[PDB]
file upload.pdb (PDB, C-alpha atoms)
ATOM      1  CA  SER A   1     -10.678  -0.495 -21.383  1.00  0.00           C
ATOM      2  CA  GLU A   2     -11.644   0.285 -24.975  1.00  0.00           C
ATOM      3  CA  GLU A   3      -8.659   2.629 -25.180  1.00  0.00           C
ATOM      4  CA  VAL A   4      -7.912   4.162 -28.573  1.00  0.00           C
ATOM      5  CA  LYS A   5      -4.655   5.902 -29.473  1.00  0.00           C
ATOM      6  CA  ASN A   6      -3.769   5.921 -25.786  1.00  0.00           C
ATOM      7  CA  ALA A   7      -1.504   3.975 -23.442  1.00  0.00           C
ATOM      8  CA  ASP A   8      -2.020   2.997 -19.810  1.00  0.00           C
ATOM      9  CA  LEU A   9       0.190   1.871 -16.941  1.00  0.00           C
ATOM     10  CA  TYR A  10      -0.887  -0.497 -14.176  1.00  0.00           C
ATOM     11  CA  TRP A  11       1.568  -0.992 -11.347  1.00  0.00           C
ATOM     12  CA  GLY A  12       1.785  -1.160  -7.566  1.00  0.00           C
ATOM     13  CA  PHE A  13       3.858   1.601  -5.946  1.00  0.00           C
ATOM     14  CA  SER A  14       0.826   2.772  -3.976  1.00  0.00           C
ATOM     15  CA  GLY A  15      -1.344   0.603  -1.741  1.00  0.00           C
ATOM     16  CA  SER A  16       0.513  -2.644  -2.460  1.00  0.00           C
ATOM     17  CA  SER A  17       3.601  -1.075  -0.902  1.00  0.00           C
ATOM     18  CA  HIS A  18       1.583  -0.265   2.208  1.00  0.00           C
ATOM     19  CA  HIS A  19      -1.011  -3.038   2.023  1.00  0.00           C
ATOM     20  CA  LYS A  20      -0.731  -3.388   5.795  1.00  0.00           C
ATOM     21  CA  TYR A  21       1.321  -0.289   6.602  1.00  0.00           C
ATOM     22  CA  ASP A  22      -0.927   2.183   4.808  1.00  0.00           C
ATOM     23  CA  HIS A  23      -2.247   3.787   7.990  1.00  0.00           C
ATOM     24  CA  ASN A  24       1.095   3.351   9.692  1.00  0.00           C
ATOM     25  CA  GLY A  25       3.082   4.388   6.623  1.00  0.00           C
ATOM     26  CA  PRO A  26       3.110   6.608   3.496  1.00  0.00           C
ATOM     27  CA  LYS A  27      -0.206   7.405   1.829  1.00  0.00           C
ATOM     28  CA  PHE A  28      -1.026   7.925  -1.844  1.00  0.00           C
ATOM     29  CA  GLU A  29      -3.114  10.875  -3.034  1.00  0.00           C
ATOM     30  CA  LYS A  30      -3.458  13.572  -5.704  1.00  0.00           C
ATOM     31  CA  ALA A  31      -3.746  10.923  -8.394  1.00  0.00           C
ATOM     32  CA  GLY A  32      -4.764  13.032 -11.382  1.00  0.00           C
ATOM     33  CA  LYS A  33      -3.533  14.896 -14.452  1.00  0.00           C
ATOM     34  CA  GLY A  34      -2.724  11.692 -16.338  1.00  0.00           C
ATOM     35  CA  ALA A  35      -2.944   9.375 -13.321  1.00  0.00           C
ATOM     36  CA  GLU A  36      -5.690   7.642 -11.354  1.00  0.00           C
ATOM     37  CA  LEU A  37      -6.255   4.990  -8.689  1.00  0.00           C
ATOM     38  CA  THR A  38      -7.726   1.649  -9.733  1.00  0.00           C
ATOM     39  CA  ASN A  39      -8.736  -1.353  -7.641  1.00  0.00           C
ATOM     40  CA  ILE A  40      -6.740  -4.545  -8.215  1.00  0.00           C
ATOM     41  CA  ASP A  41     -10.033  -6.399  -8.674  1.00  0.00           C
ATOM     42  CA  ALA A  42     -10.960  -4.247 -11.667  1.00  0.00           C
ATOM     43  CA  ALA A  43      -7.512  -4.779 -13.183  1.00  0.00           C
ATOM     44  CA  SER A  44      -7.908  -8.436 -14.205  1.00  0.00           C
ATOM     45  CA  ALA A  45      -4.967  -8.520 -16.650  1.00  0.00           C
ATOM     46  CA  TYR A  46      -2.744  -6.541 -14.306  1.00  0.00           C
ATOM     47  CA  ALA A  47      -3.801  -8.637 -11.346  1.00  0.00           C
ATOM     48  CA  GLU A  48      -2.679 -11.681 -13.299  1.00  0.00           C
ATOM     49  CA  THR A  49       0.744 -10.095 -13.666  1.00  0.00           C
ATOM     50  CA  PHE A  50       0.861  -9.397  -9.929  1.00  0.00           C
ATOM     51  CA  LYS A  51       0.314 -13.084  -9.191  1.00  0.00           C
ATOM     52  CA  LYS A  52       3.170 -14.038 -11.524  1.00  0.00           C
ATOM     53  CA  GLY A  53       5.430 -11.649  -9.607  1.00  0.00           C
ATOM     54  CA  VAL A  54       6.062 -11.655  -5.853  1.00  0.00           C
ATOM     55  CA  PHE A  55       3.825 -13.931  -3.784  1.00  0.00           C
ATOM     56  CA  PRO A  56       1.495 -12.035  -1.338  1.00  0.00           C
ATOM     57  CA  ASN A  57       0.887 -13.817   1.937  1.00  0.00           C
ATOM     58  CA  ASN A  58      -1.170 -11.190   3.747  1.00  0.00           C
ATOM     59  CA  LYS A  59      -2.539  -8.241   1.765  1.00  0.00           C
ATOM     60  CA  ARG A  60      -5.373  -5.854   2.541  1.00  0.00           C
ATOM     61  CA  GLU A  61      -8.755  -6.892   1.191  1.00  0.00           C
ATOM     62  CA  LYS A  62      -8.528  -5.726  -2.411  1.00  0.00           C
ATOM     63  CA  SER A  63      -5.402  -3.569  -2.189  1.00  0.00           C
ATOM     64  CA  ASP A  64      -5.472  -0.455  -4.373  1.00  0.00           C
ATOM     65  CA  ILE A  65      -2.849   0.221  -7.046  1.00  0.00           C
ATOM     66  CA  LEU A  66      -1.496   3.256  -8.905  1.00  0.00           C
ATOM     67  CA  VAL A  67      -2.392   3.740 -12.555  1.00  0.00           C
ATOM     68  CA  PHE A  68      -0.695   6.120 -14.970  1.00  0.00           C
ATOM     69  CA  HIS A  69      -2.938   6.826 -17.959  1.00  0.00           C
ATOM     70  CA  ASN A  70      -2.677   9.324 -20.824  1.00  0.00           C
ATOM     71  CA  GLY A  71       0.793   8.066 -21.762  1.00  0.00           C
ATOM     72  CA  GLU A  72       2.692   7.847 -25.048  1.00  0.00           C
ATOM     73  CA  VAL A  73       4.568   4.929 -26.597  1.00  0.00           C
ATOM     74  CA  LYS A  74       7.369   5.055 -29.147  1.00  0.00           C
ATOM     75  CA  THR A  75       8.178   1.523 -30.304  1.00  0.00           C
ATOM     76  CA  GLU A  76       9.981   1.012 -33.611  1.00  0.00           C
ATOM     77  CA  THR A  77      11.765  -1.775 -35.480  1.00  0.00           C
ATOM     78  CA  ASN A  78      14.753   0.532 -35.990  1.00  0.00           C
ATOM     79  CA  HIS A  79      16.117  -0.616 -32.641  1.00  0.00           C
ATOM     80  CA  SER A  80      15.363  -3.081 -29.844  1.00  0.00           C
ATOM     81  CA  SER A  81      14.827  -0.175 -27.433  1.00  0.00           C
ATOM     82  CA  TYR A  82      11.403   1.151 -26.427  1.00  0.00           C
ATOM     83  CA  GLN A  83      10.636   4.750 -25.509  1.00  0.00           C
ATOM     84  CA  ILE A  84       7.555   5.075 -23.305  1.00  0.00           C
ATOM     85  CA  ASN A  85       6.813   8.058 -21.050  1.00  0.00           C
ATOM     86  CA  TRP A  86       3.763   8.518 -18.819  1.00  0.00           C
ATOM     87  CA  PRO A  87       2.992  12.210 -17.963  1.00  0.00           C
ATOM     88  CA  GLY A  88       0.756  10.989 -15.136  1.00  0.00           C
ATOM     89  CA  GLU A  89       1.006  12.875 -11.871  1.00  0.00           C
ATOM     90  CA  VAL A  90       0.951  11.406  -8.389  1.00  0.00           C
ATOM     91  CA  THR A  91       1.738  12.731  -4.956  1.00  0.00           C
ATOM     92  CA  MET A  92       2.638  10.748  -1.891  1.00  0.00           C
ATOM     93  CA  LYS A  93       1.779  12.077   1.525  1.00  0.00           C
ATOM     94  CA  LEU A  94       4.649  11.428   3.901  1.00  0.00           C
ATOM     95  CA  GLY A  95       2.599  10.481   6.940  1.00  0.00           C
ATOM     96  CA  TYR A  96       1.115  13.930   7.493  1.00  0.00           C
ATOM     97  CA  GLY A  97      -0.682  15.868   4.747  1.00  0.00           C
ATOM     98  CA  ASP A  98       1.389  15.974   1.563  1.00  0.00           C
ATOM     99  CA  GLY A  99       5.145  15.369   1.749  1.00  0.00           C
ATOM    100  CA  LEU A 100       6.547  13.517  -1.239  1.00  0.00           C
ATOM    101  CA  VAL A 101       5.735  14.699  -4.767  1.00  0.00           C
ATOM    102  CA  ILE A 102       6.563  12.705  -7.913  1.00  0.00           C
ATOM    103  CA  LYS A 103       5.765  13.249 -11.598  1.00  0.00           C
ATOM    104  CA  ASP A 104       7.087  13.000 -15.160  1.00  0.00           C
ATOM    105  CA  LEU A 105       7.140   9.192 -15.200  1.00  0.00           C
ATOM    106  CA  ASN A 106       9.528   7.862 -17.854  1.00  0.00           C
ATOM    107  CA  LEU A 107      10.432   4.418 -19.146  1.00  0.00           C
ATOM    108  CA  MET A 108      13.573   3.394 -21.040  1.00  0.00           C
ATOM    109  CA  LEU A 109      14.227  -0.106 -22.429  1.00  0.00           C
ATOM    110  CA  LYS A 110      17.209  -1.479 -24.366  1.00  0.00           C
ATOM    111  CA  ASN A 111      17.317  -4.880 -26.067  1.00  0.00           C
ATOM    112  CA  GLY A 112      14.594  -5.805 -23.568  1.00  0.00           C
ATOM    113  CA  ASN A 113      17.454  -6.801 -21.267  1.00  0.00           C
ATOM    114  CA  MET A 114      18.652  -3.397 -20.063  1.00  0.00           C
ATOM    115  CA  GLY A 115      16.455  -0.468 -19.116  1.00  0.00           C
ATOM    116  CA  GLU A 116      15.413   1.871 -16.335  1.00  0.00           C
ATOM    117  CA  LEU A 117      12.587   4.236 -15.458  1.00  0.00           C
ATOM    118  CA  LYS A 118      13.261   7.938 -14.950  1.00  0.00           C
ATOM    119  CA  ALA A 119      11.199  10.463 -13.014  1.00  0.00           C
ATOM    120  CA  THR A 120      11.325  13.693 -11.028  1.00  0.00           C
ATOM    121  CA  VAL A 121      11.124  13.645  -7.240  1.00  0.00           C
ATOM    122  CA  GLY A 122      11.250  16.766  -5.088  1.00  0.00           C
ATOM    123  CA  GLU A 123      14.069  19.021  -6.278  1.00  0.00           C
ATOM    124  CA  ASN A 124      15.916  16.088  -7.854  1.00  0.00           C
ATOM    125  CA  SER A 125      15.424  15.314 -11.536  1.00  0.00           C
ATOM    126  CA  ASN A 126      16.428  12.542 -13.940  1.00  0.00           C
ATOM    127  CA  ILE A 127      16.605  10.072 -11.069  1.00  0.00           C
ATOM    128  CA  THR A 128      16.359   6.293 -11.323  1.00  0.00           C
ATOM    129  CA  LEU A 129      12.740   5.620 -10.458  1.00  0.00           C
ATOM    130  CA  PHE A 130      12.990   1.896 -11.232  1.00  0.00           C
ATOM    131  CA  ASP A 131      15.551  -0.652 -12.430  1.00  0.00           C
ATOM    132  CA  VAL A 132      14.211  -2.723 -15.336  1.00  0.00           C
ATOM    133  CA  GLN A 133      16.186  -5.881 -16.045  1.00  0.00           C
ATOM    134  CA  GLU A 134      13.972  -7.386 -18.733  1.00  0.00           C
ATOM    135  CA  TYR A 135      10.489  -7.287 -20.234  1.00  0.00           C
ATOM    136  CA  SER A 136       8.148  -9.270 -22.479  1.00  0.00           C
ATOM    137  CA  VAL A 137       5.741  -8.385 -25.287  1.00  0.00           C
ATOM    138  CA  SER A 138       2.150  -9.482 -25.825  1.00  0.00           C
ATOM    139  CA  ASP A 139      -0.984  -8.649 -27.807  1.00  0.00           C
ATOM    140  CA  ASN A 140      -0.890  -4.857 -27.600  1.00  0.00           C
ATOM    141  CA  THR A 141       0.344  -5.394 -24.040  1.00  0.00           C
ATOM    142  CA  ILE A 142       3.877  -5.141 -22.670  1.00  0.00           C
ATOM    143  CA  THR A 143       4.923  -6.467 -19.258  1.00  0.00           C
ATOM    144  CA  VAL A 144       8.019  -5.205 -17.441  1.00  0.00           C
ATOM    145  CA  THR A 145       9.852  -7.320 -14.867  1.00  0.00           C
ATOM    146  CA  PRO A 146      12.394  -5.302 -12.740  1.00  0.00           C
ATOM    147  CA  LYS A 147      15.236  -7.006 -10.858  1.00  0.00           C
ATOM    148  CA  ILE A 148      13.613  -7.082  -7.414  1.00  0.00           C
ATOM    149  CA  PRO A 149      13.145 -10.802  -6.483  1.00  0.00           C
ATOM    150  CA  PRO A 150      12.209 -12.042  -2.970  1.00  0.00           C
ATOM    151  CA  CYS A 151      14.697 -10.985  -0.310  1.00  0.00           C
ATOM    152  CA  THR A 152      17.476 -13.345   0.630  1.00  0.00           C
ATOM    153  CA  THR A 153      19.596 -11.725   3.337  1.00  0.00           C
ATOM    154  CA  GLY A 154      18.001  -9.190   5.692  1.00  0.00           C
ATOM    155  CA  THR A 155      17.749  -5.704   4.196  1.00  0.00           C
ATOM    156  CA  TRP A 156      15.518  -5.726   1.151  1.00  0.00           C
ATOM    157  CA  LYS A 157      15.410  -2.504  -0.854  1.00  0.00           C
ATOM    158  CA  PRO A 158      12.087  -2.140  -2.803  1.00  0.00           C
ATOM    159  CA  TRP A 159      13.011   0.984  -4.790  1.00  0.00           C
ATOM    160  CA  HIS A 160      16.330   2.113  -6.240  1.00  0.00           C
ATOM    161  CA  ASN A 161      18.537   4.022  -3.817  1.00  0.00           C
ATOM    162  CA  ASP A 162      18.007   7.063  -6.042  1.00  0.00           C
ATOM    163  CA  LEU A 163      14.253   7.187  -5.401  1.00  0.00           C
ATOM    164  CA  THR A 164      14.693   6.172  -1.754  1.00  0.00           C
ATOM    165  CA  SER A 165      17.351   8.825  -1.191  1.00  0.00           C
ATOM    166  CA  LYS A 166      15.025  11.418  -2.675  1.00  0.00           C
ATOM    167  CA  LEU A 167      12.434  10.471  -0.027  1.00  0.00           C
ATOM    168  CA  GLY A 168      13.694  13.267   2.204  1.00  0.00           C
ATOM    169  CA  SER A 169      11.897  11.478   5.034  1.00  0.00           C
ATOM    170  CA  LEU A 170      13.525  10.890   8.397  1.00  0.00           C
ATOM    171  CA  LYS A 171      11.792   7.493   8.416  1.00  0.00           C
ATOM    172  CA  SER A 172      14.563   5.814   6.435  1.00  0.00           C
ATOM    173  CA  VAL A 173      14.139   2.654   8.491  1.00  0.00           C
ATOM    174  CA  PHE A 174      10.447   2.570   7.598  1.00  0.00           C
ATOM    175  CA  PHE A 175      11.078   2.672   3.836  1.00  0.00           C
ATOM    176  CA  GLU A 176      14.121   0.405   4.098  1.00  0.00           C
ATOM    177  CA  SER A 177      15.513  -1.656   6.979  1.00  0.00           C
ATOM    178  CA  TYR A 178      17.137  -4.976   7.896  1.00  0.00           C
ATOM    179  CA  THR A 179      13.837  -6.767   7.262  1.00  0.00           C
ATOM    180  CA  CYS A 180      11.941  -8.499   4.472  1.00  0.00           C
ATOM    181  CA  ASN A 181       9.072 -10.517   5.934  1.00  0.00           C
ATOM    182  CA  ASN A 182       6.844 -12.388   3.494  1.00  0.00           C
ATOM    183  CA  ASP A 183       4.415  -9.466   3.707  1.00  0.00           C
ATOM    184  CA  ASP A 184       7.212  -7.034   2.876  1.00  0.00           C
ATOM    185  CA  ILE A 185       8.089  -9.061  -0.195  1.00  0.00           C
ATOM    186  CA  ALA A 186       4.508  -8.727  -1.378  1.00  0.00           C
ATOM    187  CA  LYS A 187       4.735  -4.952  -1.034  1.00  0.00           C
ATOM    188  CA  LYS A 188       8.004  -5.052  -2.951  1.00  0.00           C
ATOM    189  CA  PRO A 189       7.519  -3.885  -6.620  1.00  0.00           C
ATOM    190  CA  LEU A 190       7.836  -6.385  -9.466  1.00  0.00           C
ATOM    191  CA  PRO A 191       4.710  -6.628 -11.703  1.00  0.00           C
ATOM    192  CA  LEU A 192       4.493  -3.881 -14.318  1.00  0.00           C
ATOM    193  CA  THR A 193       1.804  -3.924 -17.002  1.00  0.00           C
ATOM    194  CA  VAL A 194       1.505  -1.339 -19.757  1.00  0.00           C
ATOM    195  CA  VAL A 195      -0.888  -0.883 -22.668  1.00  0.00           C
ATOM    196  CA  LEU A 196       0.279   0.236 -26.103  1.00  0.00           C
ATOM    197  CA  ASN A 197      -1.745   2.857 -27.958  1.00  0.00           C
ATOM    198  CA  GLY A 198      -3.249   2.500 -31.430  1.00  0.00           C
TER
END

call {"tool": "encode", "arguments": {"input": "upload.pdb", "output": "structure tokens"}}
result
Amino acid sequence: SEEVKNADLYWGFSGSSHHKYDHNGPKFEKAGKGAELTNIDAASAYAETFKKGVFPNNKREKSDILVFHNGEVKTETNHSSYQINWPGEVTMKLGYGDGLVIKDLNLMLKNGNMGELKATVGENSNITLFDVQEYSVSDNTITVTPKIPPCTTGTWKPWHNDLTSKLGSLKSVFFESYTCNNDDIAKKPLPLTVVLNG
């Protein structure tokens, strides 16, 4: 808190995704250089956003989340599009030590009804990290709501096929499969909270 001329990003991605499959799934680590791990309890405002999003039935006691700090925001009245890019760095350990590496977090919004997040994963660049359908504005706080509502068929994809494809992991079924239990829905991304600088 008490941030001056700096922006912050509070979102799941890590921990919430593996609230129950953390030990039996991907692990988050190397959160530094513009990124850090923060407990959901500490993030009161963010936690509020999480509640508004998917409904968690069974989540680990105080699931940890991924936070991208040291970001920059470029909002202007010239257009209804927002340019926000977090240089935070985070690395995901595919089961064994290390594995998946992601960085250069980027956020693009248009008319607040069409936008997407861009990032670099592995050897692939300019990939669709997230699909933003719409977002809202608040007091120095902007909340993003991607189009990832509770499953309603069988196979529920949490992340865009671009990010999933870039997994490079043979555990495709683990990341995505013909399942979407209530717990899975909770792990599914949806609540995005960001803080404008100034």

call {"tool": "closest_residue", "arguments": {"input": "upload.pdb", "among": "A:132, A:144, A:73, A:65", "to": "residue 114 of chain A", "atoms": "only C-alpha atoms"}}
result
A:132

call {"tool": "atom_distance", "arguments": {"input": "upload.pdb", "atom1": "atom CA of residue 64 of chain A", "atom2": "atom CA of residue 185 of chain A"}}
result
16.6 Å

call {"tool": "closest_residue", "arguments": {"input": "upload.pdb", "among": "A:149, A:22, A:31, A:45", "to": "residue 1 of chain A", "atoms": "only C-alpha atoms"}}
result
A:45

call {"tool": "residues_around", "arguments": {"input": "upload.pdb", "residues": "residue 84 of chain A", "least_positions_apart": "2", "cutoff": "6 Å", "atoms": "all atoms listed in the file", "output": "PyMOL selection string"}}
result
chain A and resi 72-74+107

call {"tool": "residues_around", "arguments": {"input": "upload.pdb", "residues": "segment 160-176 of chain A", "least_positions_apart": "3", "cutoff": "7 Å", "atoms": "all atoms listed in the file", "output": "ChimeraX atom specification"}}
result
/A:100,121-122,127-131,156-157

call {"tool": "closest_residue", "arguments": {"input": "upload.pdb", "among": "A:136, A:117, A:46, A:29", "to": "residue 89 of chain A", "atoms": "only C-alpha atoms"}}
result
A:29

call {"tool": "resolve_selection", "arguments": {"input": "upload.pdb", "expression": "the PyMOL selection byres ((chain A and resi 138) around 12)", "output": "list in words"}}
result
residues 45, 135, 136, 137, 139, 140, 141, 142, 143, 144, 193, 194, 195 and 196 of chain A

call {"tool": "resolve_selection", "arguments": {"input": "upload.pdb", "expression": "the PyMOL selection byres ((chain A and resi 61-63) around 10)", "output": "list in words"}}
result
residues 12, 14, 15, 16, 17, 18, 19, 20, 38, 39, 40, 41, 42, 58, 59, 60, 64 and 65 of chain A

call {"tool": "resolve_selection", "arguments": {"input": "upload.pdb", "expression": "the PyMOL selection byres ((chain A and resi 26) around 7)", "output": "PyMOL selection string"}}
result
chain A and resi 22+25+27-28+92-95

call {"tool": "write_last_selection", "arguments": {"input": "upload.pdb", "atoms": "C-alpha atoms", "output": "PDB file, in the frame of the given file"}}
result
ATOM      1  CA  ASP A  22      -0.927   2.183   4.808  1.00  0.00           C
ATOM      2  CA  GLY A  25       3.082   4.388   6.623  1.00  0.00           C
ATOM      3  CA  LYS A  27      -0.206   7.405   1.829  1.00  0.00           C
ATOM      4  CA  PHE A  28      -1.026   7.925  -1.844  1.00  0.00           C
ATOM      5  CA  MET A  92       2.638  10.748  -1.891  1.00  0.00           C
ATOM      6  CA  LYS A  93       1.779  12.077   1.525  1.00  0.00           C
ATOM      7  CA  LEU A  94       4.649  11.428   3.901  1.00  0.00           C
ATOM      8  CA  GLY A  95       2.599  10.481   6.940  1.00  0.00           C
TER       9      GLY A  95
END

call {"tool": "closest_residue", "arguments": {"input": "upload.pdb", "among": "A:23, A:147, A:79, A:118", "to": "residue 103 of chain A", "atoms": "only C-alpha atoms"}}
result
A:118

call {"tool": "closest_residue", "arguments": {"input": "upload.pdb", "among": "A:102, A:90, A:119, A:108", "to": "residue 36 of chain A", "atoms": "all atoms listed in the file"}}
result
A:90

call {"tool": "build_atoms", "arguments": {"input": "upload.pdb", "residues": "segment 50-61 of chain A", "atoms": "N, CA, C and O atoms", "output": "PDB file, keeping the file's coordinate frame"}}
result
ATOM      1  N   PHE A  50       0.467  -9.496 -11.330  1.00  0.00           N
ATOM      2  CA  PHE A  50       0.861  -9.397  -9.929  1.00  0.00           C
ATOM      3  C   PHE A  50       1.088 -10.788  -9.342  1.00  0.00           C
ATOM      4  O   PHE A  50       2.050 -11.013  -8.607  1.00  0.00           O
ATOM      5  N   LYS A  51       0.202 -11.721  -9.677  1.00  0.00           N
ATOM      6  CA  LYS A  51       0.314 -13.084  -9.191  1.00  0.00           C
ATOM      7  C   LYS A  51       1.609 -13.730  -9.680  1.00  0.00           C
ATOM      8  O   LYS A  51       2.273 -14.453  -8.936  1.00  0.00           O
ATOM      9  N   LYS A  52       1.957 -13.471 -10.937  1.00  0.00           N
ATOM     10  CA  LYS A  52       3.170 -14.038 -11.524  1.00  0.00           C
ATOM     11  C   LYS A  52       4.412 -13.496 -10.818  1.00  0.00           C
ATOM     12  O   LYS A  52       5.439 -14.170 -10.744  1.00  0.00           O
ATOM     13  N   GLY A  53       4.310 -12.274 -10.303  1.00  0.00           N
ATOM     14  CA  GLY A  53       5.430 -11.649  -9.607  1.00  0.00           C
ATOM     15  C   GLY A  53       5.524 -12.156  -8.172  1.00  0.00           C
ATOM     16  O   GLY A  53       5.233 -13.321  -7.901  1.00  0.00           O
ATOM     17  N   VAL A  54       5.933 -11.277  -7.258  1.00  0.00           N
ATOM     18  CA  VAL A  54       6.062 -11.655  -5.853  1.00  0.00           C
ATOM     19  C   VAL A  54       4.809 -12.389  -5.384  1.00  0.00           C
ATOM     20  O   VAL A  54       3.738 -12.247  -5.970  1.00  0.00           O
ATOM     21  N   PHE A  55       4.958 -13.174  -4.324  1.00  0.00           N
ATOM     22  CA  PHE A  55       3.825 -13.931  -3.784  1.00  0.00           C
ATOM     23  C   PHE A  55       3.281 -13.257  -2.514  1.00  0.00           C
ATOM     24  O   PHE A  55       3.968 -13.237  -1.491  1.00  0.00           O
ATOM     25  N   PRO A  56       2.076 -12.703  -2.538  1.00  0.00           N
ATOM     26  CA  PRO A  56       1.495 -12.035  -1.338  1.00  0.00           C
ATOM     27  C   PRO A  56       0.905 -13.019  -0.342  1.00  0.00           C
ATOM     28  O   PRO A  56       0.025 -13.812  -0.677  1.00  0.00           O
ATOM     29  N   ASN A  57       1.386 -12.945   0.891  1.00  0.00           N
ATOM     30  CA  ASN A  57       0.887 -13.817   1.937  1.00  0.00           C
ATOM     31  C   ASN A  57      -0.300 -13.169   2.640  1.00  0.00           C
ATOM     32  O   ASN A  57      -1.361 -13.776   2.778  1.00  0.00           O
ATOM     33  N   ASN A  58      -0.110 -11.925   3.071  1.00  0.00           N
ATOM     34  CA  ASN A  58      -1.170 -11.190   3.747  1.00  0.00           C
ATOM     35  C   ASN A  58      -1.300  -9.777   3.180  1.00  0.00           C
ATOM     36  O   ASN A  58      -0.500  -8.897   3.501  1.00  0.00           O
ATOM     37  N   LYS A  59      -2.314  -9.560   2.351  1.00  0.00           N
ATOM     38  CA  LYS A  59      -2.539  -8.241   1.765  1.00  0.00           C
ATOM     39  C   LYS A  59      -3.938  -7.747   2.097  1.00  0.00           C
ATOM     40  O   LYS A  59      -4.867  -8.539   2.241  1.00  0.00           O
ATOM     41  N   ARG A  60      -4.081  -6.435   2.222  1.00  0.00           N
ATOM     42  CA  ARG A  60      -5.373  -5.854   2.541  1.00  0.00           C
ATOM     43  C   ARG A  60      -6.430  -6.375   1.577  1.00  0.00           C
ATOM     44  O   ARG A  60      -6.123  -6.729   0.439  1.00  0.00           O
ATOM     45  N   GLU A  61      -7.670  -6.416   2.035  1.00  0.00           N
ATOM     46  CA  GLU A  61      -8.755  -6.892   1.191  1.00  0.00           C
ATOM     47  C   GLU A  61      -8.895  -5.992  -0.029  1.00  0.00           C
ATOM     48  O   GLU A  61      -9.384  -4.866   0.068  1.00  0.00           O
TER      49      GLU A  61
END
